[PDB]
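Asker:
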RNA sequence: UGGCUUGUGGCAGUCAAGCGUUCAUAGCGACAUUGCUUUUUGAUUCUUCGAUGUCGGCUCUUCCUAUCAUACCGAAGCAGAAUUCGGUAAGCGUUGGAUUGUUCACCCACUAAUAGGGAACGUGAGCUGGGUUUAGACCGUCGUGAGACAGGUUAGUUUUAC
RNA sequence: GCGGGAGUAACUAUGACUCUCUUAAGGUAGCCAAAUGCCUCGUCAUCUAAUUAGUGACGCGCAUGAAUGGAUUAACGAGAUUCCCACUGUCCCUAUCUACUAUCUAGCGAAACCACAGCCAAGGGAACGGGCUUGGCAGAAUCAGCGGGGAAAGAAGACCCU
RNA sequence: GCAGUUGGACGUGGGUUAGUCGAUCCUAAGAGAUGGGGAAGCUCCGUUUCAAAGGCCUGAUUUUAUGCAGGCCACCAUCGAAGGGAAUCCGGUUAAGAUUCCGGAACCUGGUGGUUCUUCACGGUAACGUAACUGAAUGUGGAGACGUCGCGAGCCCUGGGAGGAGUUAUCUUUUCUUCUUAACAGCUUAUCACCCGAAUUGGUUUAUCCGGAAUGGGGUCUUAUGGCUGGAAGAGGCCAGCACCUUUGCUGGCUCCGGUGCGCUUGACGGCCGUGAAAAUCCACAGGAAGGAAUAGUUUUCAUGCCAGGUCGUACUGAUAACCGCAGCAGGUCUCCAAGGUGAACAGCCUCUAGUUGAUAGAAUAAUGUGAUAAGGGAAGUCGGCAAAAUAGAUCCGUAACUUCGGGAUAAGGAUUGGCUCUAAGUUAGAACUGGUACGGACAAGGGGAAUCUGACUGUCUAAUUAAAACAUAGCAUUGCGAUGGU
RNA sequence: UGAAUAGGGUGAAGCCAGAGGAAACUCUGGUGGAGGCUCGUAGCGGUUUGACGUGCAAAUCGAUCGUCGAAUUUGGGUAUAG
RNA sequence: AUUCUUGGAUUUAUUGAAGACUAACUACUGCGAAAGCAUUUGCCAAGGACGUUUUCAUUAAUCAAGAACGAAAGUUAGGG
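Protein chains in written order, with the authors' numbering: chain BB, 2 to 244; chain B9, 11 to 82.
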């Protein structure tokens, strides 16, 4: 058989796109450890969209030269960031929606967006629109903390993370569905991946091993295990429960 | 609904204007009030008049986030 | 494909006992065969891979009569006339529509009435390309399967000046 | 993945229900003669000069059946059948007139392109002969025409096997 | 593809003059240069701290000037546009052309003459005058900076006056045609906002709004289609008068005004979402005096004198003989400008500015292949209603099942036009009259009734024989799966 | 990342007015905004039929047919090679 | 018996989290036109009954149509 489409992922022409055009998608910069009245903390400036996220963001000023020229500080968009209200940070910070501050300082059952989870990453969890995680691993969880990430599963965290308290801005992808597919293709150019899809049974067993038969059906198997090769591993990857 | 057109059927195409309407019109601001405040940016309800920031969470002026921390 | 035989068989002579009112032959014919013949229907690799392209019809280029009808004749278990049968004899006439891809299969309206056989069935450098050798896709049926089937369905090359 | 054999209700006629064998154990809501039916011009009504389509059902299911789903159910198309109204060179039925060329002429000037040869009927035969056997027939200078053979313009056949 | 007096064939030389039109910095797609290492090379990485650039202080040498070395300053760090980033008009003349030569008038780049505030000194003072020494804005905060979409209110044909001619043919001097003009500066308008604020109410208006009009504290302002004014003492032009060697060369001369687009004005405003970029230069860098009136200057602007402008492309073809199909081949081929009347526009119709019928020709005009017409019939013919026919506008009447309520309607069934007169001395519609084959008379311009399927919809497609039921589609579910994922 | 669609027909949502209604329905006009609303040119697609195939392009030509603010068309730069 | 336990269950105590319901009081009780209404506290907001009176002076009764409200079960979209 030929080269399967899932193998063409690591490199490719379809795997190139605009990188430096992207002004700064939503990490978090240096923002003051202290809050001895605060040093590096200020107001929100502009509201600008970075490509990659598919949601509005913002610019912020602190104590440092940030309106135009210095290209870095992008601030996490909560409803409704704009000119004339302050952000605060620090360790033992003031707990408000729109303030970036620790997980340790917030009590159990606070919703948080743009949150770290490994030992430092600037900003990982829930950067775009709609998204948020839920910190519920303090109190009888004594030393090592735990964000219970939104499905059901795990993640052990030491001290770990800062993040903005709240639910993030937007809400118009699940809350409001689209209309057509060329307007959906605006996703797959700010992200690098093939689009759309053709059926596995419709493709030849040559090009993808889910084909086979004059009366078309699945040739090999739909459930394939985790430890497998490239063309071998397709379909539902380890169907733990069917149905 | 305008942009949507013939796409979708009965449950969706008709009913989304009834979501759009409460997202539309020009309201008062939290600190001023000429006719300005709608969905300015996406989820960010702006003010073209005296330029003034709101704080809620996701949608309009207050969501679940501000109902917890800016309350207790 | 052509050759060969006539297998599978068609037609006639006809053994002529039966049975039709009496009554082998008005008619019907047990039981079948001999010669002819090449039509139902095929036995055979004899002769063929630097082409051996299909069917029904349009159009126009032959010859014979295993004879439908026109000239001429005779006979009956035929009353004239309706009905039934046989000989001389190939110049000419031999329809229109509907079922069905379609002559076959099968029905109707008339009309004086609507035959048989061969010929590269004139017959794709005159003609249609419905019938007729590949390639989207689906179902039934079979095999571990890629896929297949003596079973059906959907689209799918007629070039040029003898 | 989702069964067989045997017995059984007034009366033509049928099997509710029951027994027995076998296997891991034997299907609901709803629908049928199919892109799937050997059997089948099945069986019935209406339509048609005939009409199996239109449209009305029959039960005689070779082999229907709920998530790579039954079922409710409006809008839209260079996609698929029939009846019905007006009608139509497609044809009946062909004629006439017109544009341009063929005929004919000047100039310069192609094309792949080189078998001795060029009648027919009968006969023998490398097996369908103008060409070989006999017999009948066949003269040359020249141009316009037309699709029957030889089988043109061409590629080592499309079937078919290694 | 012929003749040939001809050619880019053939041969020889000339002509293309820029600070001026293009040849640059920084942001994006995207990419480069250099050194050592991680490692098997590729290469990634470092450039981000020095680097690079700038201010302040000291020492030795030299000059009309100068230039160098050492010491001190943290607050910034990759590269490339078409969108971001200098200047300009008009005539003469050429075998050819000048925003280029040249003639006349501009602008950019360096060398000569005139001062305003924080803050401070001396003199003088309601005042204002002057000597010592005076580099100078890595920002609070705001800009350069980007989805779709709607109503305004202004921006013409033609006339008036002057010159010239009455038409081969009956006839014509209020008939037709030509003429009818001009960079810049000064003058000085819609939008916005300290009219935020708001008593009141100009603006079809719903109006909180903003303006006539009224209020503060003491009160007003920017941008800008057009118009008005200056340049222009002067220049052109319908059309004529002379010289006169009769070849050829000059000299003189008129009118000037009134009814109107899709340019520009409007990112505001209206109102929706998919939520609107990044940067160097540069703006940004905080106003005092007189109530205001009024009046002046600015690390800015005015006045004035001399030289120099780098460095090439510059002819010219650009639907072509220069590009480009090997080709003097029915070809490919970015892309600029926009008059009259008829018909929506940019169909059609038809003339201008303005251009042109190709590397062979004459006469007749068979068969056959290439165009139209017609009796009677009305589908009867052919794989094949393929082909061919009915009908058509404007305006009024009249009209069908049923819905996912977003629908179907131009169903069917009928009736009439232009022109001219009149209604009103000025949209348009209503009355009224006649005729022909016919009023849309060229051009141009729907066939209808009755029953039935599938993919929801729009969408993707086999490059030289398969445009579909294949696949996508907004939407929905299970499973991998905490991302240092799954892959 | 740069360039291009003149012309012409409708109009929910928002908001107001007027007649009418116990009140709501109903019902008459203006203001006004969202379209795979929608229509015809640019850009752009290929259903039928005739003539060609030793000829103009190594699949050509004539007559004939589609879309257009939406899943829109197009140029340039630059990158990806069995 | 399926099932759950030596991989330490039941459980006992401690600590932490999530949702629902409010024992007792509770009645032969009260409220609401009916459906319906149970911890405690606060805010907006309605109706009935009583009392001396004050006060408008038939203004009223009933009411097809019409309008608004609706236990539980069921349906649609997003949560839990």
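All residues carry an ideal CB built from backbone N, CA and C; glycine is no exception.
Whole angstroms is fine: what's the gap from residue 121 (chain BB)'s alpha carbon to residue 96 (chain BB)'s?
Answerer: Here residue 121 (chain BB) refers to the residue found at position 120 when the first chain is read from its first residue. Here residue 96 (chain BB) refers to the residue found at position 95 when the first chain is read from its first residue. For residue 121 (chain BB) and residue 96 (chain BB), the distance between alpha carbons rounds to 21 Å.
Asker: Going by DSSP, what residue range makes up the beta strand (DSSP E) through residue 163 (chain BB)?
Answerer: On the first chain, position 162 is the one that residue 163 (chain BB) refers to. That run of the beta strand (DSSP E) goes 163-166.
Asker: Just to confirm before moving on: does the CB-CB distance between residue 171 (chain BB) and residue 67 (chain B9) stay below 7 Å?
Answerer: Reading the first chain from its first residue, position 170 is the one you call residue 171 (chain BB). Reading the second chain from its first residue, position 57 is the one you call residue 67 (chain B9). No, these two residues do not count as a Cβ contact at 7 Å.
Asker: So, is the C-beta of residue 31 (chain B9) closer than 7 Å to a C-beta in chain BB?
Answerer: Counting from one through the second chain, the residue named residue 31 (chain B9) turns up at place 21. So no, residue 31 (chain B9) is outside the interface.
Asker: Measure how close the beta-carbons of residue 88 (chain BB) and residue 45 (chain BB) come, nearest whole angstrom, since I'm counting them as under 8 Å.
Answerer: What you label residue 88 (chain BB) is simply residue 87 of the first chain in a count that begins at 1. What you label residue 45 (chain BB) is simply residue 44 of the first chain in a count that begins at 1. With a Cβ gap of about 7 Å, residue 88 (chain BB) and residue 45 (chain BB) count as contacting.
Asker: Residues of chain BB with CB under 7 Å from residue 37 (chain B9), in chain order?
Answerer: The count along the second chain starts at 1 and reaches residue 37 (chain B9) at position 27. Within chain BB, no residue comes near residue 37 (chain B9); the closest Cβ sits about 13 Å away, beyond 7 Å.
Asker: Is the shortest distance between the beta-carbon of residue 63 (chain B9) and the beta-carbons of chain BB less than 7 Å?
Answerer: In the second chain, counting from the first residue as 1, residue 63 (chain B9) sits at position 53. So, interface residue.
Asker: By the criterion of Cβ-Cβ separation under 8 Å, what are the contact partners of residue 24 (chain BB) in chain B9?
Answerer: Here residue 24 (chain BB) is taken as the residue at index 23 of the first chain, counted from 1. The contacting residues do not exist; residue 24 (chain BB) stays about 15 Å from chain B9 at best.
Asker: I need the straight-line Cα distance from residue 135 (chain BB) to residue 115 (chain BB), nearest angstrom please.
Answerer: Position 134 of the first chain, counted from the start, is the residue given in the question as residue 135 (chain BB). Position 114 of the first chain, counted from the start, is the residue given in the question as residue 115 (chain BB). Going from the Cα of residue 135 (chain BB) to the Cα of residue 115 (chain BB) covers about 12 Å.
Asker: In the structure shown, what three-state DSSP assignment does residue 9 (chain BB) receive?
Answerer: As a working mapping, residue 9 (chain BB) is identified with position 8 in the first chain. Residue state, collapsed to three classes: coil.
Asker: CA-CA distance, residue 104 (chain BB) and residue 91 (chain BB)?
Answerer: Locating residue 104 (chain BB) in the first chain gives position 103, where the first residue counts as 1. Locating residue 91 (chain BB) in the first chain gives position 90, where the first residue counts as 1. Taking the straight line from one Cα to the other gives about 12 Å.
Asker: Counting Cβ pairs, one atom from each stretch, are 3 or more of them under 8 Å apart for the region 23-34 of chain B9 and the region 62-78 of chain BB?
Answerer: Short answer: they don't touch.
Asker: Measure the alpha-carbon distance for residue 42 (chain BB) versus residue 102 (chain BB) and round it to whole angstroms.
Answerer: To locate residue 42 (chain BB), count along the first chain from 1; it is residue 41. To locate residue 102 (chain BB), count along the first chain from 1; it is residue 101. Roughly 12 Å between the two C-alpha positions.
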